[PDB]
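Engineer: If you scroll down you'll find the structure; I have some questions about it.
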Amino acid sequence: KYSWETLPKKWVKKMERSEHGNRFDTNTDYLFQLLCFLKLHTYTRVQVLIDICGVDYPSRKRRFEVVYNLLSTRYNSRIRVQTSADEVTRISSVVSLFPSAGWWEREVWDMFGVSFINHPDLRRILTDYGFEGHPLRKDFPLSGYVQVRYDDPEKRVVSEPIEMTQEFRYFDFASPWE
Amino acid sequence: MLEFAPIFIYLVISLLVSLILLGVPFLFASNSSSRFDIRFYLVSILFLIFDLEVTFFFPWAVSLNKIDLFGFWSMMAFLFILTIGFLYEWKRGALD
Amino acid sequence: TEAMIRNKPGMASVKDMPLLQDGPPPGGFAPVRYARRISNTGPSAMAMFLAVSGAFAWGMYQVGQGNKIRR
Amino acid sequence: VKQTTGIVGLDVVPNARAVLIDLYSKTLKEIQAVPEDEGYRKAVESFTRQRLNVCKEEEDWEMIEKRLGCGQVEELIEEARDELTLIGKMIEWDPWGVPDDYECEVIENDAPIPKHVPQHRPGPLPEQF
Amino acid sequence: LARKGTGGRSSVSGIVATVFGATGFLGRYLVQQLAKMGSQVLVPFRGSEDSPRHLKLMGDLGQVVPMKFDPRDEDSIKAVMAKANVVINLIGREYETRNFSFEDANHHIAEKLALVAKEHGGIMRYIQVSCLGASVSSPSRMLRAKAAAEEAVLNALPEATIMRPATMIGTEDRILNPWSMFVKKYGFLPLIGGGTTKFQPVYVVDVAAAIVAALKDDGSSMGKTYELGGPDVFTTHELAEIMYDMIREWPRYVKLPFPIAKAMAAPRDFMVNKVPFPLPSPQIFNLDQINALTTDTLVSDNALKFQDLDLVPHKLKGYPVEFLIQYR
Amino acid sequence: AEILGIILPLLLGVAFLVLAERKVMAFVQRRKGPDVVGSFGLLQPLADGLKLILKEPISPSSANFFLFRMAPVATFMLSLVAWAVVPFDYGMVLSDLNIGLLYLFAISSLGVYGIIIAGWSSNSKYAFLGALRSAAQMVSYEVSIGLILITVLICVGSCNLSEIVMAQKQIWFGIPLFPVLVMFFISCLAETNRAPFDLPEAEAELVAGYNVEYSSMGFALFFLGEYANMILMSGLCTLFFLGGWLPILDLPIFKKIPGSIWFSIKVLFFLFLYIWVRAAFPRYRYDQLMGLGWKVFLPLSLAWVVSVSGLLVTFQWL
Amino acid sequence: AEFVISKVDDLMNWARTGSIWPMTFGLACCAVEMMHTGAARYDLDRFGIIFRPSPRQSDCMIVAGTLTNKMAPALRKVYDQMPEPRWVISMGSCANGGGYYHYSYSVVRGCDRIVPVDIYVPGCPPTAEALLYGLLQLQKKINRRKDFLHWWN
Amino acid sequence: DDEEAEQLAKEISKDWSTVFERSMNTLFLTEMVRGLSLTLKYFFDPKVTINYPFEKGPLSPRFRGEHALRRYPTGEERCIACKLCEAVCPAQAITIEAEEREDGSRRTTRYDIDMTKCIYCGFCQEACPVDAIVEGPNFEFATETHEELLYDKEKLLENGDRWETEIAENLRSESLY
Amino acid sequence: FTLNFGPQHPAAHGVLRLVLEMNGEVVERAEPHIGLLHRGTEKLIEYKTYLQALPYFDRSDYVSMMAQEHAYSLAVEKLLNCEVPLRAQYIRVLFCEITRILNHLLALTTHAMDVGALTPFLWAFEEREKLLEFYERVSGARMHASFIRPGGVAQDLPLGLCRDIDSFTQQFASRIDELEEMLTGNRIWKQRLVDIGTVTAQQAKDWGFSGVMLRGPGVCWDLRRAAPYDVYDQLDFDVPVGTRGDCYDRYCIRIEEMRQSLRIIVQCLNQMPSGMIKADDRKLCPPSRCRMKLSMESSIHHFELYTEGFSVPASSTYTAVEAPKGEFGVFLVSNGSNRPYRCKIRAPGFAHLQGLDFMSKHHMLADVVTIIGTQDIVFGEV
Amino acid sequence: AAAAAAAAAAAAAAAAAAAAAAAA
Ligand SMILES: CCCCCCCCCCCCCCCCCC(=O)O[C@@H](COC(=O)CCCCCCCCCCCCCCC)COP(=O)(O)OCCN
Ligand SMILES: NC(=O)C1=CN([C@@H]2O[C@H](COP(=O)(O)OP(=O)(O)OC[C@H]3O[C@@H](n4cnc5c(N)ncnc54)[C@H](OP(=O)(O)O)[C@@H]3O)[C@@H](O)[C@H]2O)C=CC1
Ligand code: SF4
Ligand code: SF4
Ligand code: SF4
């Protein structure tokens, strides 16, 4: 792939794949710098941040994995630059390069908790207003912690008490022999 | 004027009718089931002016056989001055 | 199985299985239109102005004659 | 003579060839500030030289497009100016060179993907004209 | 009781209550307590099925089962109290209605529910709710009836708690919401008797919290007539002073001598006479509420207060009166 | 008096116009409108009414009763009093004013008050600015209706509406001044709100655009007012331009020529045109709308007063 | 006798069942199915149902789609400003009960947690006729009101 | 540029008897009278509407409506308690508890589909091995109260016996797929 | 000056909760508020098998249902390497394209009802109630037809569906013409749409529009021509691409894309090979009812595919199709287990509704509903 | 207000497909 020859070797730091869509699992420090490359470059012109997929691996040490997808409307190719930032590592924000990253990074911080550096208006986009907790993590239970909301003598108001529901039935379908 | 008395009583009888239409809902259903938009002053002054000029149109409209071709041209001069005012308002851009 | 679900008595072989499922008839469907066939066969620019202007030319003469009769 | 680029915002430039020559000369001059043994400088030098050459040889914008098969000269100017931005950016936060540890794990999964799945096909070659 | 849960809204509390007065201002807070601590509530309604609709929520899928019943017809009260172990009684009126008289709505019902619960052996706790100072020889026929109700619910059914809530304040109440909407007669508040009345209101949430607290309690609070008074013994004028703090209005009271009021409330007391028309529920001027307003016996004596329920009432300033903001 | 015989049938007319609009505008959309309530939805207006009457208020608020509880009364009384001078047949006008037309103009100039007051008493900045915008629109297409009426007045002798409908015995002013009928209709569409011209009446911005205290009576009275104002402003496109109560004058043997029936047929045509033109056309945005009443229907109205005055002065047709 | 009361209740119920304009809280697809129930084939303007765009004047409120924990206060605030003879219809599984998202943290387990509901149109994507039958059941709920007989106790 | 674009887009239509054509279209609405004419054609055409309670919209035997537990022609609930539908259910609506009945053949003591917590995707009809659970074309079961909408353990889903005459038809016609 | 512009007409744009910071009538910034429709879809899918995950996709975009099941299926075949037949591909496109028509018929005339034209809504919804006679006939549910399963497609068309889709396609050019004659020519339409929400191509690329809002600006970019993911490389159709970018170009595209989708429907009808309906790999496709009952080895797979699942191998792919809203892509990380692992759903309307901030700057407040119109903002995907 | 007004003039309608009409 042409993109790996020109790219500074240090920027594609950790990993690199070659199927199911190619990816440059880079380091969080060289990320927005790597996103600056592949865009505003004559032979690699992405210009289009398709998606920013937070992925949570609890068993890693760098829990999350902020998977930046990238389409190249010019050369008709799609590259998936990734990162790895745990719960308390502010990662560089690429809203300055692709302004679509604004809401995607708001969602990545909301769902997961990967705060974004110098991202203007980094505010919970999806979850409730007084939401405490980050849903799309793994350790966040499906039904939520305190997320039932019912009406009450505090009229015109829906409270936010601790939650109780028919227990979500987790089925252990997974079979041995893989 | 003689025919103004029917509408004179019309105002009061329609007042009564609307008062009944007001009291009908009130009786039933018992216990159990921008700093300033000056364009609104420009539009307003401009309607004032154009309704003044329609007020001047009305007698000229109803009496145009009397004023044969001279009242017509005098009204067309008044209307050319109206049109100059209206073109100064169109170009200056008060109609927006 | 799959030779006991699609029987077709006989057939001597696993091929030639019935295989009757939905599809276009032999010869496809009719050629379906997709373009915009908006017929512009109305009154032209003229004939509409000249109907309006003609109505004004004669109808206003009729307004005049009616004003003469009323007077 | 070009009426308009179909793209909105990419305004047609009449002096396409001249500003392209300017931009490619600027690029060749500015790329000298990166170390020579970096793939980025070999790439920039090579394609900027090719496009500057084909822009100097041909005269019309249409012939520039036809030989240099890279779309439209307005998009070519966008690419060249973005490349100048990148070279003036790369001078800063210089990423050139490889630190001693340099652990880079190339991972290859070769599972074939079924053909009827979005696969980004190459598209027309510069024989489009 | 047989509680299998953690909090409420899906827990169980072994309290399959039948809050007889649930479709009412006190009822909506009591039902919410009983069905937010996770217990069934067999809310019986009297007429329009829209009455207990605001109670189908605040209870999780059958924790609140609104049921239809006729007040004068038994064999229906027995059907409402078929599957029940707690029976609270909030059925009471402050105004005589042409069909149900003061006794037939305050005393002759509480006695009837008492008897038909006694028969249905299994009603562990039967709470009986009557106004504070509802002792015999009280002027207001509502309080004499509500006293006879206590005397007949204790006799016909001993170990039956009797709350004595004083005038209860809160949203959709009958004490503050009539004064407002009469301040909408241009700030004109007709405090009757000159505000010399001394009555102890109480945030209805705390009356409910006491009615449930006598259920969650042990064998005690049985046959012991509490007096759910509240804090800050007020006077009618002083209580009105707090309304005008919430609703932005200027205090413009007037005094009304009791003869003037009883003459102003002399109409709407022909309820038994004007048969072909029901009167519109006298809100502020109620001859019986005025007879009660005369003597300031609405103060908690040495009888059991909230303190005997490990409970302390909220004040009457701030949130427990912030339902008045909707009048500003 | 006999004002009952012109307000009650007009009340029924408005109540059945809500159904006529829903039903016609539905037939346009390939669907039957209100069709279950009555035999053909004929009782649907009574159902809407009897529902709005039986709806408990959201808040009583009978205190503020002189400010905006008589402002809908004012709007409706004006929409109903502009019906006096409207003649339905020869000698069927309630009060033949020799300045009838100017009186209609004045009634509109007071409907402006109706709107402005009923919007100011709604203490909602968005709703009040909406009412002010609606008043400025209703009053900006009033200079154009004014000049259109000056045209149809030049053609006629006097402002007497019975004369304006009697001055068309020879030919309706719809045939020679058809371009004017199109401008009066497209103005009566815009003077009233119910039109391609109803951004202040954009489905949501209308309800939250007239008052805050609805109580149902306010909602019905505004809509009863809008539908009477519509029956009226359609009973003007049929006096002035169409022959008020005049037949085509072919004098058929099958047709005994009733007058009020012809006036009814024509006002039905213009009401059906109100509906049809509400169905088939997008809204004008109130920023192109005000730029259509000044920059389009005022120049094209002024030209018409000079054209129908000229062509009638040169040839002595006056 | 009582017959006059029976007929005045029949009349009030005929009104409230003929013209029942719902504030269609069309959240999600069940609003697209509700739009099909308002569309040409299954008319809702036939049965009098006029989709109001404002909570101020509306007899009903056909909440559809997933009531999110964030759209719960807005739904409650809208329900609190309908005129008292109001009803609520839950349309779709997500609106009536927890639904596909019963165990989602952000989804309330049925609008029956925010507004008191009177007819739950069943089926996660209810057929447009099914929502129409839910409304024809709300019409029954009206025809069983007899509010005058209860005002006379 | 927009200034020059305007100048040129107005110098494209700049020849007499074309300025006149465009003027006439603006002066007398032409595109708009083609809107009114189409609207009228639809005002007079037959109406694609359906007076619902008496005639209902077309469906298909694959239509997924009210869930019904089928039975074998000779009584005996078809629902052997494999719990495959309880497993396949995306919303986990079906709660199945199983007990060897006295006859000895397994059966579900509790088969409760929660219709409110149910997405009507027909996965249960596919997953069930014996076609025990199928969706009856009912779709008209709007309930006044939520508790009724939770379909009880094998008692209300056993009302599919009434719908068997249509469910057996739909299955006999769909089983070819 | 802040204005809480909510859902103007509910039931059309459900939970639209913009907070407009206006300047008189000129909007200075539009701040959309998301989450009012944020069901836990990107979390709930981590908890269910790859089969149970599919019904969420028809519930992601509620006006174009099967396009998202087709984008998910192509993300659990990108991993599974699950070659589907030709008939499955042709049906899958004949319904992805019927869905493009079902969406443009809504997203045009719901937009045209927000602008004010009331009748195109009801004509297009009669058309949509004709196409739901195909959805409801081929799968069962009129809207959420959980029909495009991972391997192939759920079950074959009924024996009379291509004849009916033909009898519909013959009469559908006329319906598009009516939707066009009623809106395209109108001066009240052009005026309401021309030069409204103009997006220069650099902006449509920056903000990741990638839909009918990336072909307005003139960027010729259709992921059916770029990344042909089915018979699309065999089917002939021209992608209409705008030249100005204003909301009147996006409308003209959506009304031509509704004709090219008609071409694709007519092709898929005229060339639909009589082949198997699902992939022959019975460990990714549950065997038919007839086979699993008669064959013991098929019964085992019907049991381990409707309870266990596929257990698609460990990988992570971003499969993006051209859904009607835009490039709907589902980034599907897959732990080896039978349940997905962070099935992230890139949904246009999350990138488009971002564009509302800059699209509707300096446009009048009444235009902010036209922008929301042409973005085809469906909040299920947001 | 100096905000850019929506000028309702433009270029005339010409359906613009992609270059892949006949031979890709
Ligand atoms: C062919 C017959 C037509 C009949 C039409 C009947 C329609 C009646 C119902 C209402 C229709 C829809 C209303 C639409 C409102 C908006 C109309 C409008 O203003 O359109 C344009 C103006 O239209 C009108 O004003 C129409 C009024 C016609 C009046 C007469 C015009 C000239 C008459 C010439 C007479 C010739 C003879 C006279 C001398 C002999 C505005 O310009 P624009 O912005 O659309 O585009 C150009 C921008 N510069
Ligand atoms: N409100 C106050 O300020 C005070 C009240 N109390 C007592 O608290 C209790 C509840 O108060 P609150 O809810 O405000 O009272 P309400 O007057 O609002 O009535 C509450 C309940 O009583 C029912 N009820 C009343 N009379 C009858 C009757 N004749 N037949 C059947 N049901 C009847 C009502 O049924 P329906 O709604 O159908 O009429 C409703 O369910 C009563 O005992 C009351 O006297 C104590 C202190 C003062
Ligand atoms: S219940 Fe089903 S159809 Fe209704 S909104 Fe929820 S997912 Fe959509
Ligand atoms: S359709 Fe069947 S499997 Fe799917 S959610 Fe409903 S009950 Fe469960
Ligand atoms: S319904 Fe089907 S899947 Fe469910 S227990 Fe019965 S046989 Fe098994």
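Scheme for the structure tokens: letters A, B, ... for chains in order shown; per-chain residue numbers from 1; ligand numbers from 1 in order shown.
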List the neighbours of residue 59 of chain B out to 12 Å using only C-alpha atoms; skip same-chain residues closer than 6 positions along the sequence, and give me the result as a list in words.

Structural biologist: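 Residues near the query, excluding close chain neighbours: residues 53, 65, 66, 67, 71, 72 and 75 of chain B; 99, 102, 150, 153, 154, 157, 158 and 159 of chain F.
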
Engineer: May I have the residues within 6 Å of segment 12-29 of chain D as a ChimeraX atom specification, using only C-alpha atoms and disregarding those fewer than 3 positions away in the same chain?

Structural biologist: /D:4-5,32,48,52,84

Engineer: Mind dumping the selected residues with C-alpha atoms as a short mmCIF file (atom, residue, chain, number, x, y, z; two decimals), in the first residue's frame?

Structural biologist:
```cif
data_model
loop_
_atom_site.label_atom_id
_atom_site.label_comp_id
_atom_site.auth_asym_id
_atom_site.auth_seq_id
_atom_site.Cartn_x
_atom_site.Cartn_y
_atom_site.Cartn_z
CA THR D 4 -17.52 25.01 -14.56
CA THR D 5 -16.32 22.11 -12.50
CA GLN D 32 13.84 20.09 0.43
CA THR D 48 5.23 16.86 -8.04
CA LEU D 52 5.02 20.01 -12.96
CA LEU D 84 2.03 22.62 0.37
#
```

Engineer: Identify all chain F residues at most 10 Å from chain C by counting only C-alpha atoms; ligands do not count. Present them as a list in words.

Structural biologist: residues 155, 156, 157, 163, 166, 167, 168, 169, 170, 171, 172, 173, 174, 175, 176, 177, 178, 179, 308, 311, 312, 315, 316, 317 and 318 of chain F

Engineer: Can you tell me which residues sit at most 8 Å away from ligand 2, counting only C-alpha atoms and all ligand atoms, written as a compact mmCIF listing (two decimals) with N, CA, C and O atoms, in the first residue's frame?

Structural biologist:
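Now in pocket36.txt:
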```
# COMPACT_ATOMS: atom_id res chain seq x y z
N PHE E 20 -59.52 3.20 50.18
CA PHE E 20 -60.90 3.58 49.76
C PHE E 20 -61.02 4.99 49.18
O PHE E 20 -61.95 5.20 48.37
N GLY E 21 -60.15 5.92 49.57
CA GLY E 21 -60.26 7.31 49.09
C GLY E 21 -59.10 7.65 48.17
O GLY E 21 -58.67 8.82 48.18
N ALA E 22 -58.58 6.66 47.45
CA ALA E 22 -57.38 6.87 46.61
C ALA E 22 -57.62 7.92 45.53
O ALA E 22 -56.69 8.72 45.28
N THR E 23 -58.80 7.96 44.91
CA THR E 23 -59.00 8.93 43.80
C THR E 23 -59.29 10.29 44.43
O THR E 23 -60.35 10.86 44.14
N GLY E 24 -58.34 10.81 45.22
CA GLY E 24 -58.54 12.07 45.94
C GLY E 24 -57.21 12.72 46.25
O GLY E 24 -56.18 12.07 46.02
N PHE E 25 -57.22 13.95 46.76
CA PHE E 25 -55.94 14.69 46.98
C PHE E 25 -55.03 13.94 47.95
O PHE E 25 -53.85 13.78 47.61
N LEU E 26 -55.54 13.47 49.09
CA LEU E 26 -54.71 12.64 50.03
C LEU E 26 -54.39 11.30 49.38
O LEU E 26 -53.25 10.82 49.54
N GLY E 27 -55.34 10.73 48.64
CA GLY E 27 -55.18 9.38 48.07
C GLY E 27 -54.01 9.24 47.12
O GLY E 27 -53.36 8.19 47.17
N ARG E 28 -53.68 10.27 46.35
CA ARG E 28 -52.64 10.10 45.30
C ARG E 28 -51.26 10.05 45.96
O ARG E 28 -50.38 9.38 45.40
N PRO E 44 -60.17 1.57 44.96
CA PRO E 44 -61.56 1.53 44.50
C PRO E 44 -62.08 2.91 44.16
O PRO E 44 -62.03 3.81 45.00
N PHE E 45 -62.58 3.07 42.93
CA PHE E 45 -63.12 4.38 42.47
C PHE E 45 -64.65 4.37 42.50
O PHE E 45 -65.24 3.28 42.47
N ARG E 46 -65.27 5.55 42.57
CA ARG E 46 -66.75 5.62 42.70
C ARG E 46 -67.45 5.78 41.35
O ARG E 46 -68.44 5.06 41.13
N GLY E 47 -66.94 6.65 40.46
CA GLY E 47 -67.69 6.91 39.21
C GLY E 47 -66.87 6.82 37.94
O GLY E 47 -66.53 5.69 37.56
N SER E 48 -66.56 7.96 37.30
CA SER E 48 -65.84 7.96 36.03
C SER E 48 -64.56 7.15 36.14
O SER E 48 -63.78 7.34 37.09
N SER E 51 -61.23 8.61 36.98
CA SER E 51 -60.84 9.06 38.32
C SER E 51 -59.50 8.47 38.73
O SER E 51 -58.57 9.25 39.02
N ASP E 70 -69.75 0.61 44.48
CA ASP E 70 -70.81 1.58 44.88
C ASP E 70 -70.68 1.79 46.39
O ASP E 70 -70.63 0.79 47.12
N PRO E 71 -70.64 3.05 46.88
CA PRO E 71 -70.43 3.29 48.31
C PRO E 71 -71.56 2.71 49.17
O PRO E 71 -71.26 2.17 50.22
N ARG E 72 -72.81 2.83 48.72
CA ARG E 72 -73.95 2.38 49.56
C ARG E 72 -74.21 0.88 49.40
O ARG E 72 -74.93 0.33 50.25
N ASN E 89 -58.93 4.02 54.81
CA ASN E 89 -60.25 4.66 54.51
C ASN E 89 -60.04 6.16 54.35
O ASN E 89 -59.89 6.84 55.38
N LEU E 90 -60.02 6.67 53.12
CA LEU E 90 -59.91 8.14 52.90
C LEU E 90 -61.25 8.69 52.40
O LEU E 90 -61.25 9.83 51.90
N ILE E 91 -62.33 7.93 52.55
CA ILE E 91 -63.63 8.40 51.97
C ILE E 91 -64.20 9.46 52.92
O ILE E 91 -64.63 9.09 54.03
N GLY E 92 -64.17 10.72 52.50
CA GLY E 92 -64.71 11.82 53.32
C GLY E 92 -65.10 13.01 52.47
O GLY E 92 -64.43 13.23 51.44
N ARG E 93 -66.07 13.80 52.92
CA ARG E 93 -66.45 15.03 52.17
C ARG E 93 -66.49 16.24 53.11
O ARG E 93 -66.77 16.05 54.31
N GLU E 94 -66.19 17.42 52.58
CA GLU E 94 -66.24 18.67 53.38
C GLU E 94 -67.54 19.39 53.05
O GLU E 94 -67.83 20.42 53.70
N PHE E 100 -75.33 12.12 48.75
CA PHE E 100 -74.73 11.56 49.98
C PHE E 100 -74.64 12.64 51.06
O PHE E 100 -73.93 13.65 50.85
N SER E 101 -75.33 12.44 52.19
CA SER E 101 -75.32 13.45 53.28
C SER E 101 -74.02 13.35 54.09
O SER E 101 -73.24 12.43 53.80
N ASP E 104 -73.72 10.02 55.67
CA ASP E 104 -73.70 8.93 54.65
C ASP E 104 -72.40 8.99 53.84
O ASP E 104 -72.27 8.18 52.90
N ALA E 105 -71.50 9.92 54.15
CA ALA E 105 -70.26 10.07 53.37
C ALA E 105 -69.04 10.09 54.29
O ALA E 105 -67.91 9.97 53.77
N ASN E 106 -69.25 10.28 55.59
CA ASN E 106 -68.11 10.41 56.54
C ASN E 106 -68.25 9.34 57.63
O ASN E 106 -67.22 8.71 57.95
N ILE E 109 -70.29 5.40 56.18
CA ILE E 109 -69.45 4.61 55.30
C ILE E 109 -68.28 4.01 56.05
O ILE E 109 -68.03 2.81 55.97
N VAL E 129 -59.19 7.35 58.36
CA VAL E 129 -58.64 8.74 58.29
C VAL E 129 -59.75 9.76 58.53
O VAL E 129 -60.75 9.75 57.77
N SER E 130 -59.57 10.62 59.53
CA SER E 130 -60.58 11.65 59.87
C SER E 130 -59.83 12.95 60.19
O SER E 130 -58.64 12.87 60.50
N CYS E 131 -60.50 14.10 60.09
CA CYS E 131 -59.79 15.39 60.30
C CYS E 131 -59.38 15.54 61.77
O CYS E 131 -59.98 14.86 62.62
N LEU E 132 -58.36 16.36 62.04
CA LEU E 132 -57.94 16.62 63.44
C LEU E 132 -59.05 17.42 64.13
O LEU E 132 -59.82 18.09 63.42
N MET E 142 -69.31 18.10 59.56
CA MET E 142 -68.27 17.20 58.99
C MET E 142 -67.43 16.59 60.12
O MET E 142 -67.11 15.40 60.01
N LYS E 146 -67.22 12.80 61.36
CA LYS E 146 -65.87 12.16 61.36
C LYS E 146 -65.48 11.68 62.76
O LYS E 146 -64.58 10.83 62.85
N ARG E 164 -55.34 11.41 62.38
CA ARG E 164 -56.17 12.63 62.52
C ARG E 164 -55.45 13.76 61.79
O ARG E 164 -54.98 14.69 62.47
N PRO E 165 -55.30 13.73 60.45
CA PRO E 165 -54.56 14.79 59.77
C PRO E 165 -55.32 16.10 59.91
O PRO E 165 -56.53 16.09 59.80
N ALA E 166 -54.61 17.20 60.16
CA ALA E 166 -55.27 18.53 60.19
C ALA E 166 -55.39 18.98 58.73
O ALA E 166 -55.02 18.19 57.85
N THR E 167 -55.86 20.21 58.47
CA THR E 167 -56.06 20.57 57.05
C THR E 167 -54.75 20.26 56.33
O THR E 167 -53.70 20.76 56.78
N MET E 168 -54.81 19.51 55.23
CA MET E 168 -53.56 19.07 54.56
C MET E 168 -53.27 20.02 53.40
O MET E 168 -54.19 20.27 52.60
N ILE E 169 -52.03 20.52 53.32
CA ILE E 169 -51.69 21.38 52.15
C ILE E 169 -50.89 20.56 51.14
O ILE E 169 -50.33 19.52 51.53
N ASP E 173 -54.93 20.64 46.48
CA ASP E 173 -55.54 20.54 47.83
C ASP E 173 -56.86 21.31 47.88
O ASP E 173 -57.23 21.93 46.87
N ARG E 174 -57.53 21.28 49.04
CA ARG E 174 -58.81 22.03 49.21
C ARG E 174 -58.60 23.22 50.16
O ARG E 174 -59.61 23.84 50.53
N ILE E 175 -57.36 23.49 50.57
CA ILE E 175 -57.09 24.59 51.55
C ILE E 175 -56.43 25.79 50.87
O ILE E 175 -56.90 26.92 51.10
```

Engineer: What does the structure give for the distance between atom CA of residue 143 of chain I and atom CA of residue 125 of chain G, in Å to one decimal?

Structural biologist: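 Pair atom CA of residue 143 of chain I / atom CA of residue 125 of chain G returns 6.4 Å.
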
Engineer: Taking only C-alpha atoms and all ligand atoms and a cut-off of 9 Å, can you tell me which residues surround ligand 4, written as a ChimeraX atom specification?

Structural biologist: /G:99-100,123-124 /H:64-65,67,85-94,113-115,117-127,133-135 /I:52,55

Engineer: Determine the nearest neighbour of chain H from the options A:176, A:40, A:168, A:100, counting only C-alpha atoms.

Structural biologist: A:168

Engineer: I need the contact residues of chain H against chain J, so if you could list those with any atom within 10 Å, counting only C-alpha atoms, and return them as a VMD selection string, that would help.

Structural biologist: chain H and resid 2 5 to 6 8 to 10 12 to 13

Engineer: Pull the closest atom pair for each residue of chain C that gets at most 12 Å from chain H, along with the distance in Å to one decimal, counting only C-alpha atoms, ordering rows by chain and then ascending residue number, as a Markdown table.

Structural biologist:
```
| residue | atom | partner | partner_atom | distance |
| --- | --- | --- | --- | --- |
| C:5 | CA | H:176 | CA | 10.0 |
| C:6 | CA | H:176 | CA | 10.4 |
| C:19 | CA | H:176 | CA | 11.6 |
| C:20 | CA | H:176 | CA | 10.4 |
| C:21 | CA | H:177 | CA | 9.5 |
| C:22 | CA | H:177 | CA | 11.1 |
| C:38 | CA | H:34 | CA | 10.4 |
| C:39 | CA | H:34 | CA | 10.5 |
| C:40 | CA | H:34 | CA | 9.6 |
| C:41 | CA | H:34 | CA | 11.1 |
| C:42 | CA | H:30 | CA | 9.2 |
| C:43 | CA | H:30 | CA | 9.2 |
| C:44 | CA | H:21 | CA | 8.0 |
| C:45 | CA | H:21 | CA | 5.0 |
| C:46 | CA | H:21 | CA | 7.9 |
| C:47 | CA | H:24 | CA | 10.4 |
| C:48 | CA | H:24 | CA | 7.9 |
| C:49 | CA | H:24 | CA | 7.0 |
| C:50 | CA | H:24 | CA | 10.6 |
| C:51 | CA | H:28 | CA | 11.3 |
| C:52 | CA | H:28 | CA | 9.3 |
| C:53 | CA | H:28 | CA | 11.8 |
```

Engineer: Which residues are close to residue 137 of chain I, i.e. within 12 Å by only C-alpha atoms, leaving aside same-chain residues fewer than 5 positions away? Reply as a list in words.

Structural biologist: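 After dropping sequence-adjacent residues, the list is residues 58, 59, 60, 61, 62, 63, 64 and 174 of chain H; 129, 130, 131, 132, 142, 143, 145, 147, 155, 156, 157, 158, 159, 160, 161, 162, 164 and 165 of chain I.
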